[PDB]
Every structure is written in structure tokens, then in C-alpha cells.
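Asker: Shown below is the structure under consideration.
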Amino acid sequence: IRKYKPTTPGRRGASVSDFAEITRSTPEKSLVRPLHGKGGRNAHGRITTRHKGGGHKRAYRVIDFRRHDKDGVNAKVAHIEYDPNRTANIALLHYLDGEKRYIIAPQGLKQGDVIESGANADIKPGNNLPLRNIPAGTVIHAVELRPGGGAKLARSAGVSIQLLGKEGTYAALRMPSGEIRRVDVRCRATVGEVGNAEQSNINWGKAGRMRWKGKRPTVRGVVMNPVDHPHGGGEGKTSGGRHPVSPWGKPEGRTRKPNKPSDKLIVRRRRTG
RNA sequence: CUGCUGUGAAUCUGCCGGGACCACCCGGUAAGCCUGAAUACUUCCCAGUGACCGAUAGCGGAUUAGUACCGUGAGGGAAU
RNA sequence: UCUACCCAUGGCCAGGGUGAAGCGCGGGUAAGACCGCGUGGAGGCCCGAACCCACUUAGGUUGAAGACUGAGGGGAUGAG
RNA sequence: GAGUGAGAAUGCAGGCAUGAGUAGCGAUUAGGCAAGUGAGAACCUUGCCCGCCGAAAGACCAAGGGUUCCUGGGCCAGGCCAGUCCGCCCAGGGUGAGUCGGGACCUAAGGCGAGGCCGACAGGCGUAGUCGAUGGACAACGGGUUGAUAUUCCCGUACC
RNA sequence: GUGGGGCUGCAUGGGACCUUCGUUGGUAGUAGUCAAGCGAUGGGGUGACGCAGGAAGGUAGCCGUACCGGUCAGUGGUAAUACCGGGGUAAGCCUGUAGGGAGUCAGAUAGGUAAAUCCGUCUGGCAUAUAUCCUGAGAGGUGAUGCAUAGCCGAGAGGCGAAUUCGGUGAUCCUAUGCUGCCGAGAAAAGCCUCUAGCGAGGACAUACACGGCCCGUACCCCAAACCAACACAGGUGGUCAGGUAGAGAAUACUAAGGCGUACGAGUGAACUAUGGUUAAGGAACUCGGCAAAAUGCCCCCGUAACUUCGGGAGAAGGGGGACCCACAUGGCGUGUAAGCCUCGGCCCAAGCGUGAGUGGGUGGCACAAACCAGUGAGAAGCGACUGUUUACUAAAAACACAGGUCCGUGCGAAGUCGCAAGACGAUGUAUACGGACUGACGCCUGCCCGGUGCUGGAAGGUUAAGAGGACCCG
RNA sequence: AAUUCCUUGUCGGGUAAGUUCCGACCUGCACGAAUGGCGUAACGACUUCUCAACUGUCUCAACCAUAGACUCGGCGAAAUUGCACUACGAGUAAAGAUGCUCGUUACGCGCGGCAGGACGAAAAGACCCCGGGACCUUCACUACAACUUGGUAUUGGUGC
RNA sequence: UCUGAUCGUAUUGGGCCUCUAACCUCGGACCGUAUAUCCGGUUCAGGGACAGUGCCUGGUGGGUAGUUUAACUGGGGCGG
RNA sequence: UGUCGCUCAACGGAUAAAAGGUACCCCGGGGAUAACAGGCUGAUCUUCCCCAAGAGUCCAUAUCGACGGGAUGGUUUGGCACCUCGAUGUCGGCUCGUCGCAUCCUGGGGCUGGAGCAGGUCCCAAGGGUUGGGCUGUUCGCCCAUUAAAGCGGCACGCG
């Protein structure tokens, strides 16, 4: 966190991430694939996700999330690199082999330090392992849901899963959301808590700083017309005049997995508060 | 009589119809396939006909006519 | 092909102020914290042309124009 | 036997009156004289003055237009007036590339999409591919001529 | 159940018999294999990218000038000591300057879907050199004994045609996709070079000569009477050049190059309307309302209040000087030649050429930012935090949005949405994330109520559909 | 009070005078806490009020110049239109008279100006009522999309 | 055989448990395929008679559609 | 054949089954029907009387005149719906006015509870005059300075 001095009215309550730990300004030519911003529109071209205006263009920087091969092959990080489309800095592994890859870069991962994938890995911050090998209680991330499928949980900034007791074939992983979902064991995970927890203390300061970042203005529901939202016109400031409701009339309740889904693994859901 | 979804048999003392349904009599032989004429129609061509029009009529169009023009476009659409 | 938003790829923004972080020096101290000085040139910063709008007023009001013209007006490195 | 009788439907098509020989004649630059051409001159042709634009009202392109360019001719149509003039009318001519802007080189967004999947049917998506510059790669400059073309023709020197 | 006795059986660590592996002895550096070159449709590098902003080097232009050609512009003065016009020339080819960037050689490895001498990666070695390589504005030479051009001539065409140095100023253009920052993290693919796979007995290079070079666009307009506007329409239209003198400037005033006088005129002091001008005395009395005008306005010094989120407010407010000539001044500053020194070199550098700012003395006017251009200021309240957005064509705001806040949903081909579905967006994202709802920075806060209506959970009761179940009844 | 009808509430300040403005009182018809409450530096072509300077806004208008207007020459429309050698008064009338009544005034035809009337032109009233549409809303009615419940088919063995 | 407690053999339903063979997997690896995150196939690893999709059936359902929403009335509305 | 099932009560009963908004509105109509003006009326309003109970030390009448009665005007709120809905533009202000007298000033007079100056009231009289500001969109009104005075009204609440 670094607070901008309140010089102009848009940098008053602003802050910008230090970006500390970033060894290199530019990503490797070999790994940075390209992705055009889609606009919030599917193949029919219609506004499908709303509020997704064009934002500075980005380049993809392939992280692989599986790392099944070369478990024994040690690695060393070379650089921690900034990534646009994560909420993270991404570490760059050179293997002994010399192939170059990208990791979502946990905390305490200095530049230079030796990590190792595979089954006889030591439990260090940074390295892959199945859930078979990890001692219960340690903080793991990336984990995944289905074996070989690749990392699909705890990928965000400073956000990590705690592995409670595995009991045979299933391991009870208690999510960042406090939800307790039993993955199977032969899935992998990456030991360590994910880096860059300093963000979300960022205020984006001014209005257009969240536009560069790709987000368009959100007209809230009341101001529109009766045609145009359930919270229609009225004559003055309407509260909504009805129970609060998605712009397509769907009630603001539930919306979780429909009944009869494959929720066998979910042994306890998150909480309201 | 016919579609979809379930159930689902019998071959002649069988089976189906005779306006719910049952009994007797009547009729017919399903779950297989073709089948001409009688009938409808007129882009085109021929031969005619008119108590049909005669150039604001008769086709939008007797004259460069779906032309000029109008319109992004579909489309509209003259006059002599 | 107008206009509303979005995607890809280009191009434009005369000129003049202001002086943030960082950096370098000096004071300070135990190091500090901090305080002056230079550098540096940030900003949905400032003044103002192109350019984009259209606030006020006058005209026009069978207009020069089926929405413009003149004097002023706002933005003008950015949500352009 | 009737498409059978109009004065009126803010009725339709053509024609023509009233307003009326009225209002206008489209800027913020401005014209004058001399001489000519001609039946005819405020406007056309030339000279001398005067004024206007000069980050344009100058010079070059894209797009779009279509011969409007040049030469000769014309002045019943048009030009908000007249016209000998014209961006108008007629007839003939004029547009020359290894290097410029493109294609034969390449892809972005996106379009189409073999098969394929989905779909009662029509069709909806999409993989390989294959198109798509507003971008990338690629070899040329200076002068001269025509009544009209010039990095195109020619001259001098180059490069792929 | 309690400890010590057991054989044997199972289980464990270690060396040895065979096997297998390791090692040297003759052969077998021979039967074996690669080695000219084109080298991929394959591999790898490169192509390969953002925004802001100086600083330096240049250069284009421009202004002067040595020098060349010329004029007497019927006036008071000026014969060349004044004035007018010249004072040019490109791509390429040489050199490799300023600037900018780079360690190189060997060995090992299968990581790059097969193979690699390439690319990675790890080891060592010698290196930090103004070395070498790469890139590269510009200067210089050549291109150019040509082409050009001021003028000269007779007379539309022809020919002749001198000098062609030096400074200064200065780009938004070039170096430059460079460099330093910064967060918002900035297309791919052909091309180019290399690597082997594979082709291969021919093939590469140099010099010369002779050749081939395809298709379309090419006129003319192009900020317009030729395009879109029904019109020879006061509107709209993207890019490239960017002269001078003042000026900070592409503002504006005049003006060069070049183009226009653009298509109803002649008049005439009517009223009145439109656009301009000026006004005694008063100065908002006008009026819905200081609307419209008028005023202020530039540069440098002095000066600055409450309040404050400590950044501002602020150019607050208010005030002074500004012209021309001369003196310090042959001074300074910039640039830099010849000479001077040192080791496409560097330093200073008389002169020249340019240019402030200030003190001092004057001079003149009514007026010295003299024209054009060019803030009105202050105090208070309401709403909105702000910069933005909006009803094209009567509403620009207090409305929208916003940064920030809370809640609800969402565990992942998620929720949500578009589609009949597959499929896609969300997102090549993973609860510090996405979606929805409200509020709208900041500061201090956000009280009570779950009865109604919703939402979330719970099945103990009542009440409830199809499906099974066919008593009794009827034909 | 962007909410307060009564209400120009009452008191205080500014003004010579203040239905607007600023501070306060509380009897809030009918403020009130994320449809947020109260504040608030900076910011506003926002709304309201006061002042300084300055002015034709005014007291109270004047003069000058352009472009129209006016005159002569050229081309030359338009909306409107039952007529026509289309006076005024007091009346009368579908209740506001150029046309009817009784009187009064007034030669014929133009031109430049001003706008009282022609219930002036334009737009088959935007208000109001009747009829019909539209679109929007909801505990109006009736359906449907979508979501969800159970059966049964796809669809089976095993044990309790 | 009865007023009724009961097993064992079939049928017939309800519930739960697990299994794998239907089916499902946007979970992997190979093949079509030189190219290919589509699709198809083989196999592994999982779910698993559940889900999904038919047919039947009850709910919620301004999300959406079609329409109704009286007349008298000293103009309508409110009242009656 | 006999009877039964409907606040079908909007009771001759449009369906077994149905509520609102529109200032975002639209279309067909209507002066059958409202708004603004005009017209009839005159409840109300305004001006003026008739009677005289009383107040006025006495005295009804100098001046007020209750309780009652009768009218004028057509200016207030109206009542009616006759003109106009195939269009009669609204309040204020400004500019320009013209008329009435039921006179605010000036002029002439009668009576006084008129000593004088100044008043009151009535009668005659419309020639001219009848201010400028503050607040309000304001008409009205309050106010501040004056004045001889700061008139009342009509004319589509005169005049777009």
C-alpha cells in the first residue's frame, strides 16, 4: 500500500499497490499469449454480463495450473512478474531442464529460492504435492477439484484453503468462504498462502481509475423506467416499491445450486452472519 | 379415426366395426405395396370471342415502363 | 452508412503555468521521526488555440439552414 | 343491359387565376477604369489600380463523385438578373508504374465455415481452414516536356 | 492376569554361492558413420509493440552575409558607402560520428511432441576492455564537367547564363520502437537469421552480357457551385505540408508564395428592424432577475484573510513599473571561426552573429501591456463532494454516474444472462473473485419494532395432485 | 426548511422602505437516520441574496455608419382565397354585425407606414367530456414462459 | 379351520445400504490428425441407477401476453 | 311432469371467470359538455335610498344611523350552458390609449354640534392633472419619501 498525497480531488483517498517483489517489468515473449477484451458479450454479441466496458488491453501470460510432470525436477524462481488478469503477482519458475513456466506465487516466495513439485517434496511455501502427502492442518492453495483437472480454488490474492482431516479417499478442505467441501485425495495443491495480500486495501481513488481496469458505470435500478427494471419510475425517489429484485424479476434469495445437484461433497455450506 | 407417453395379447369356437357398454345376429378381414380415367390449374404458345376499355379509361405500363425518380435498404413508383 | 454502446487497428491534442512521489545534498539525532534546499515532472491539476460540445443572449422563425449564424461560454493528457 | 346524370367529400389528376409584377435574389471581401470580342457587355477576355484569405478562402491526398479535365463549337433548357461566359449542351481527345496506393505476402476485431454438434422443419453455433487493413514485411530519387498524365513518359543516377 | 525359561513360524538391517551389473585384454580408430550445398509446411530466436516527459545532438526552414547581376523608381536628400533580385541541387553509393544496446568460449543435460551443433538450463574458464560487434541521426566526399536559377537578348519558341561562402536562429521533423520513470501493464502472423529431419551429385560465389517483371487504381474536384446536404444551400467531412514581422504561441494584427472579388445591380441622409460606434449629469433608480452591454484583462516585483481534508483557498483581495534615445557596454549570457594548447578528437577561444535584464541621465505625448489579443471581484446560504454524463430538434440540472460503504447470491463448464437446445459471456477469472440490490467522498453517526409482506432455515400436526389400491354399487 | 397550509408566523440583521435573503424560537397540518441524518475544505455556464467597480438597463433619449426596408432596371414565388363598387354609431340576431334596421359620415384610383377588427392565417384542440387504441402497474381475471414436486419410462443386481 | 400370536416359501409394494453393467463427466492419457481447448472413438479415473431428457401431475409465477375495469350525473371526478 | 340450484342487488340478468395509471400519450368526435371571454339572471357583491329605534349634556335627522323594507349597476364569488373544441392563446408588467362619473386634486355652492385656519356631509361639475421607490410573478396589499392629489371603474378582467 502506498497512499497518494491528496493533491487533486481524485487522488484524495487513493492508493496504489507498491508492486514490491517485481523482478521484471516485461513478461517473456514465449509465454505471453494474447487475449482481446470481449466486451461482456457472448457470440450473439449481446450484453450478457453487464458493466463490462473496454479496459486497457491485456496479454494473457499462460500460467499452467496442473504441473503434473517433472515433480522431481527442482525449480528456482527467477522473477516475480506482475500479471494483469490475475489478482496476483506471478512467479517465474526455471526448471533444471530450463523450461519456463508461471506460478501464482505464494507468500514468502523470495526470488531465487528452490521449490520442488511432486510427492517427495518438502512442505515449503510454494510447491506442489497431492493432498495425499500434505500434513493435515497446513495452509495450501490452488488445490483443484478433480484429479488432473488443474487449479480451481484459492487462486486469488492472499486467499488460501486450510486442509482439515483427510479420512481415506476424501480430504475435508475448508474454503476461503468457510464452506467445507470434500475433495478427493489424489488431487494436487500448492503449499503456501497466495501472495499480494496488500491489495483490497487499495482504494481506486477516482472514477475513471476503475475504468482503465475494465468496468463501466452501474446505473442502479430505481432511476430507470417501469419498462426497464422492476424498480421502475415513481414520482421522485422511489425506494423500489417492491421487494428487491434482479433486473429480470428474479427474487434476491437463494440462487445457490439447484436441488438434486452433485452436492455430496459439500458437507457444510458457508454462513450468513 | 389419428399423434406422443406407459402397459401390452390372441390366428378363425380368432380379431375389428354396426355412436357409452354387455349379450345374440349382421358386415368385414387391420397392423404390407402399387394403381389409370372422371377433377384442379395456366408462367408459355396458337386460334378466336366480347350489348369489354378507348389514352385521368384499359395492366403500374399504347410513347426508353417496373423505366426515370424516391429510399441506406426491404420497398414504393410515375408522365407523355 | 444517422445515433446508443462495445471490439480491432491507427492518428490528433499550438503555447504557457503549477511542482507530487522518488532521488541527491545540508541541518537534526543514537539512528531517527522530521525540517530547508536543488533536481524530477505526477495530475480524471491550471490558463488557453486546434478539436469536441452547446450555457446565456440577439437574430432567424413560408429561414441561408426540416435545428443554423454572430458575440460571449464549458472541456481541452483523458471516464478524451 | 347499365362503370347512367356532381357543387360541396380540408376529395383526386391536369390547367390557370388572387396575393403581385409584391417578397426575395442565399452573407460577415469591393470593386473601378481602359482596351478588346460581339447584334448585344456591371459580371466574359487582358492590363493597371483597389480590397479579401494567408493553420487558408494556398498546395497535396483519402472517401465519395463520374468525364465535371483539355481543345473546338453553341447560347430556344439551367445560372436566382444578362451573358459572347460557364461545373450547362454537343463533338473529338486525355488517365502510360518492377519501386507510388493496393492484390499476387501476412494476419486483428469480425465474417464465412469442410466435416461436426445441437435443432420438429427452416435453421443455431463452431473446429480445421480461408477471407478481412484501419496495422506488419517489401525495391526510386531529382529535373524536364504536353493542350490535358507523370516518383507512371524522358533525361541523369540507383536499388529489388 | 503377573514378569524370567523356551524350540519353531512370520517380520526387519547387513555381506556371500548363481544370475545380472561394473572393469580391462586381442580384435573391432575395421567391417561402421558424418564431412559440397538447398535446407523445412517442423523446433527456436527475432518481428513484438503502452502512456507520460525532459535533456543532448542534428537537420529542414528562416534571417543575415562575403560575392555576383542590376535600378535611378520625373519630389527635399541621396551614384553607389543606398536599394532590388540572386547567394541552388535529391535518392543512392562511401565513411561510421553523436547517441543507444550486447559479456564470450568450452563441457554437461533431453526440457523445446522425432532430431538437433540451435534455443533454454546448469557448471566452469578468460573477461569489465572506450576492445570488438550491432544499430545509427547528421557532417564530409561522391551522385553533380550534369540538372537548375537571378538576369540577358532579339523576338510564342529558342539560346546564353556570373557568383552558389560564411554565421545566426530554430523545429511538433530526425536519432527515436532509444532513454528515465509510471501503473492502467500495453495485437498476432508472414517476413529475417539459425537448428536439425529430409533432399543431394552436383552445387555455391564473383564478374560480364542478354533478358522477364503480372492485375487494378492513375484524368478532374477533394473543407467543395463536382462529396453528404431535394438547390450553384451561411451546415457537415479524416489525413499531409506550416513563409515573414511583431507575439509565449498553429492565438490575433498586417503580409509573402498562391488563390480569390463566389454570379442580381444602380441608387438614396424616410420611418422601423438587425449588427456596430459614442454620450453630458446620475449610476441598477431598469427588471421576474445587473439579462444585455460596459468594465477588468499581459509580464515582472511587492503583497496576501477567514477557513482547511495541510494539498489548497490564491492569479484571493489591493498596489507599483512598462514608450523612445543614450551611458555602464568593446560589460554579461549564448554560439563559435582564425590564431593557442593537449592527446568525423577534446578544451578554451580575439573577432563576428544574436539576445536579455537592471541601474542612471534625458526626451515627447492627453494617453507608454498605446491597435489586435487579453480573469470582473468579494461576503453569505441551499443542493450536489469533485473532473465527467444526460432529454440529436424548446429542459444540462439539485437528475445520472463516481470513488468509498453495507447486504444478498455464487464452490466453478458457478451464480447470472443470450439462445428451443448445444454453445457462448462471466473468465482463458476462482470468494481479497464475479453478479445483484441500495446508498453516494470525507467527518460524526446510523435508534426501536419480525405484527403485515418477502427471504432463509424446520417437519412434528392439520390440508392437498397424478400413480398404485378396487370393498360396496350398477349394466 | 428544495418539506410549514394557516403564514407576508414571531423576534433579530441588512435596506429610507425587505411577501425574497441570513441567524434563532418550536404550536414539525405532513423532518428524521444507508429510499440515508447532520455537517463539510475544494469544485459549479446550478439556485437565492448582499456589495465594490462599471456601464444607454434606466432617468430620457440623441446622433453616425452598414444590411434590408424606399426608388429605377432584370428574373420573380408563397401561405390564403364563397363573394364584392368590403364605412361608422346605437341597436337587432346562434346572445361580440362590412353586408340586417334606423340614422350619421364619406369624390374615384394609388403609394409608404401602424396593427384595433375581419371571432385574421397555420395546426379536423395538445386542456375538458364521450368512444377506441396504446403502453405501464398491481394481492383484477385467465393463461403461458421459466423454476420446482411426485409418479412412470430410459433403469439394473445385492443385502437388510 | 375360527375370536388371534407367529414364523419359513413365493408374489407384491415402501425405505435404507452398497456394488457396476445403463447413463453421466468441461477429469486425464492416446487415435482420426500434418495442423485441432470443436467433434467422434478407445482406455483409464470418477459419479451412478442418482441426475438429465420424455409423458403425467400439483405448486410458485406481472417474467410475459390477451383483455376487462358500469351508467345516471345541471361538464367530469368525490359522494349518493 | 313436479321441483331444486344465482345480493346474476349494476335486480330485462354483455362472460362460468376481470382492478388501476397515463403530464409519454395517441386517434375519431363534440361547443350535445367544462376551462378563458361574451350573453340571460342578480343569490352574493356594489352604489343608493324608504321607516326611525336609538348615540349625540337637551335635540332622531350637523354627523352616524340598528331592527325591517325597496332598488340601481353588472366590477366579486357565482347560477345557466346560448356562441366558439375542422383552435375565440392565460395572469401580471411594458407601450399606446379612448370612454363613464358613482370626483382623489383644482372649480361653484347648501347645511353644521361651522369662532378663525382646517374639517364633516350633501349638491353641481369630467377641462386638465392624478409621483417615484422597497418586497412580491404578483392583481391586491403593507411600507418609505413626497404631493394640490397620489381617483374609481369599463373597453375579450382594453391591448402578445
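For the first sequence, the entry's author numbering assigns the number 3 to the initial residue and increments by one for each residue that follows.
For each residue, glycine too, the CB sits at the ideal point set by N, CA and C.
Determine the DSSP secondary structure at residue 35, reduced to helix, strand or coil.
Answerer: In the structure shown, residue 35 sits in coil (DSSP, three-state: anything other than H, G, I, E or B).
Asker: Residue 18 by DSSP, collapsed to three states: which one?
Answerer: Residue 18 falls in the strand class under three-state DSSP.
Asker: Just how far apart, CA to CA, sit residue 190 and residue 151?
Answerer: Going from the Cα of residue 190 to the Cα of residue 151 covers about 9 Å.
Asker: With a 10 Å radius around its C-beta and 16 neighbouring C-beta atoms as the bar for buried, classify residue 138 as buried or exposed.
Answerer: Counting Cβ neighbours within 10 Å, residue 138 comes out exposed, since fewer than 16 surround it.
Asker: Does the pairing of the stretch 91 to 101 with the stretch 61 to 72 give three or more beta-carbon distances under 8 Å?
Answerer: Flag = yes, the stretch 91 to 101 and the stretch 61 to 72 touch.
Asker: Please tell me whether residue 174 and residue 133 are closer than 7 Å, where the distance is taken between their beta carbons.
Answerer: Cβ distance not < 7 Å, so residue 174 and residue 133 don't count as in contact.
Asker: List the residues that DSSP assigns as beta-bridge partners of residue 61.
Answerer: Residue 61 is bridged to 36.
Asker: So what's residue 2 in DSSP terms, helix, strand or just coil?
Answerer: Only positions 3 to 275 of the chain appear in this structure, which leaves residue 2 out of reach.
Asker: Along the chain, where does the alpha helix (DSSP H) that runs through residue 211 open and close?
Answerer: Looking at the DSSP string, the run of the alpha helix (DSSP H) that includes residue 211 is 211 to 214.
Asker: In the DSSP assignment, what are the bridge partners of residue 132?
Answerer: Beta-bridge pairing links residue 132 to 190.
Asker: For residue 69 versus residue 130, is the C-beta spacing smaller than 7 Å?
Answerer: Yes; because the gap between Cβ atoms is below 7 Å, this pair is in contact.
Asker: For residue 17 versus residue 205, is the C-beta spacing smaller than 7 Å?
Answerer: A contact, by the Cβ cut-off of 7 Å.
Asker: Let's see if you can read the secondary structure: which residues bound the beta strand (DSSP E) around residue 113?
Answerer: Unbroken run through residue 113: none, as it is neither H nor E.
Asker: Tell me, which residues are paired with residue 6 by DSSP?
Answerer: In DSSP, residue 6 forms no bridge with anything.
Asker: The beta strand (DSSP E) spanning residue 75 covers which residue range?
Answerer: Element bounds for residue 75: n/a, residue is neither H nor E.
Asker: Tell me the residue span of the beta strand (DSSP E) that contains residue 168.
Answerer: Element bounds for residue 168: 163 to 169.
Asker: Using three-state DSSP, classify residue 185 as helix, strand or coil.
Answerer: Note: residue 185 maps to strand in three-state DSSP.
Asker: Starting from residue 44, follow the beta strand (DSSP E) in both directions and report where the run begins and ends.
Answerer: Residue 44 -> no beta strand (DSSP E), and no H or E assigned at all.
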